[PDB]
Amino acid sequence: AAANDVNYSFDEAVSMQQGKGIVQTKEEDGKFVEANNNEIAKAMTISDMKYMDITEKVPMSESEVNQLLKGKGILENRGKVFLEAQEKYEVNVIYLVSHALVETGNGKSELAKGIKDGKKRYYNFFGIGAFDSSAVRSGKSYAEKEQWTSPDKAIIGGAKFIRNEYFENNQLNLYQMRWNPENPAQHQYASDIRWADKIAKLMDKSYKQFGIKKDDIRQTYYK
Ligand SMILES: CC(=O)N[C@@H]1[C@@H](O[C@H](C)C(=O)O)[C@H](O[C@@H]2O[C@H](CO)[C@@H](O)[C@H](O)[C@H]2NC(C)=O)[C@@H](CO)O[C@H]1O
Ligand SMILES: [Cl-]
Ligand SMILES: [Cl-]
Ligand SMILES: [Cl-]
Ligand SMILES: [Cl-]
Ligand SMILES: [Cl-]
Ligand SMILES: [Cl-]
Ligand SMILES: [Cl-]
Ligand SMILES: [Cl-]
Ligand SMILES: [Cl-]
Ligand SMILES: [Cl-]
Ligand SMILES: [Cl-]
């Protein structure tokens, strides 16, 4: 019956995002530092790729997706699998590619080449859970738990996670994934205050490259 997810005033949400121990980071002078309170408040202000529903699909062929992935390292020539993910889980493939490209350094980062454990290697292209050497051997790594033992398994698995844990939790766009205005400071995808902006920028370029129509835009989150 109750389908109202507007729960907090903006000032209430800001105070929550500024709460004790909550990690909020900003890229400065070549690396990540903790964001200050003013920066957090500014980052979460509403200004529109960041506000667009990414739980719908877009008309991109495997050829078009591989065009986007050309020259993208470990992600090059994996468009078939990104589209398997889109259709299986109803995840916007432009969003999915853009998120992967941000997180993996255009597919070229050292971490994108995975983490060794025994005879296997684990991959993670979406910043999901703990992903470093210690977590993998300790077994306390989501990528290991889900057995993302290849790049293709990491693409499909990443989409599954986003659908099941975010889209099914009513976090339908980048803003909601980052700032969870229905329940501020819980279940947020990333600590980088500009996480949504980085993904949205690549999304917008790809939308304009292929002439893709935008899905629903929502700008009301707060009382
Ligand atoms: C996708 C991912 O793993 N993101 C990290 C994020 O975890 C989210 C919430 C997730 O598992 O989907 C993580 O957020 C913290 O997660 C711990 C559980 O691991 C929670 O106890 C904290 O409440 C979370 N904080 C917030 C604000 O949601 C953050 C922590 O910086 O890192 C993300 O990369
Ligand atoms: Cl603190
Ligand atoms: Cl946190
Ligand atoms: Cl094609
Ligand atoms: Cl690197
Ligand atoms: Cl990420
Ligand atoms: Cl984990
Ligand atoms: Cl939540
Ligand atoms: Cl944002
Ligand atoms: Cl334009
Ligand atoms: Cl379209
Ligand atoms: Cl609002």
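Please note: Cβ atoms are built from the backbone with ideal geometry, for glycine as well, and neighbour counts cover all protein chains shown. Read the figures in this text as sums done on the coordinates, not as results from a lab.
Determine whether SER9 is under 24 Å from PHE167 (Cβ atoms) and exposed (fewer than 15 other Cβ atoms within 10 Å of the Cβ).
So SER9 fails the test.
Go through the stretch 15-30 and give me each residue that's surrounded by fewer than 13 Cβ atoms within 10 Å (Cβ to Cβ) and of a type in the set (A, V, I, L, M).
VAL23
For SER133, indicate whether it is more than 16 Å from ligand 9 (Cβ to nearest atom) and surrounded by fewer than 21 Cβ atoms within 10 Å (Cβ to Cβ).
When the stated conditions are applied, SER133 passes them.
For the stretch 45-61, indicate whether the set of residues that are within 14 Å of ligand 1 (Cβ to nearest atom), assigned to a loop (DSSP other than H, G, I, E, B) and either of a type in the set (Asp, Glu) or surrounded by 12 or more Cβ atoms within 10 Å (Cβ to Cβ) (or both) is non-empty.
Taking every residue of the stretch 45-61 in turn, none turns out to be within 14 Å of ligand 1 (Cβ to nearest atom), assigned to a loop (DSSP other than H, G, I, E, B) and either of a type in the set (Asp, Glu) or surrounded by 12 or more Cβ atoms within 10 Å (Cβ to Cβ) (or both).
Taking into account only those residues within the stretch 166-199 that are charged (D, E, K, R) and either within 16 Å of ligand 4 (Cβ to nearest atom) or within 15 Å of the chain's Cα centre (by Cα) (or both), which is surrounded by the fewest Cβ atoms within 10 Å (Cβ to Cβ)?
Per the stated criteria, the residue is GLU168.
Specify the residue that is farthest from ligand 5 (Cβ to nearest atom); the eligible residues are those in the stretch 1-18 that are out of contact with any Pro (no Cβ under 9 Å at 6 or more places or on another chain) and in a loop (DSSP other than H, G, I, E, B).
Out of the qualifying residues, it is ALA1.
Answer yes or no as to whether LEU202 is in a loop (DSSP other than H, G, I, E, B) and within 13 Å of the chain's Cα centre (by Cα).
no
Among the numbered criteria (1) more than 19 Å from the chain's Cα centre (by Cα); (2) closer than 23 Å to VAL97 by Cα; (3) within 16 Å of ligand 5 (Cβ to nearest atom), which one does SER61 miss?
Answer for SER61: the failing condition is (3).
Step by step: first the residues of the stretch 118-167, then only those that are within 12 Å of ligand 7 (Cβ to nearest atom) and of a type in the set (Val, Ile, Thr), then the one that is farthest from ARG178 (Cα to Cα). Which residue is that?
Filtering the stretch 118-167 for residues that are within 12 Å of ligand 7 (Cβ to nearest atom) and of a type in the set (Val, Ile, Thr), the one farthest from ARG178 (Cα to Cα) comes out as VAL136.
Could you look through the stretch 21-44, keep only residues that are acidic (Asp, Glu) and assigned to a strand (DSSP E or B), and pick out the one that is nearest to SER191 (Cα to Cα)?
Among residues in the stretch 21-44 that are acidic (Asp, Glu) and assigned to a strand (DSSP E or B), the one nearest to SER191 (Cα to Cα) is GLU34.
Every residue in the stretch 1-34 that is aliphatic (A, V, I, L, M) and farther than 23 Å from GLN171 by Cα, please.
Listed by number, the list holds a single entry, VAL33.
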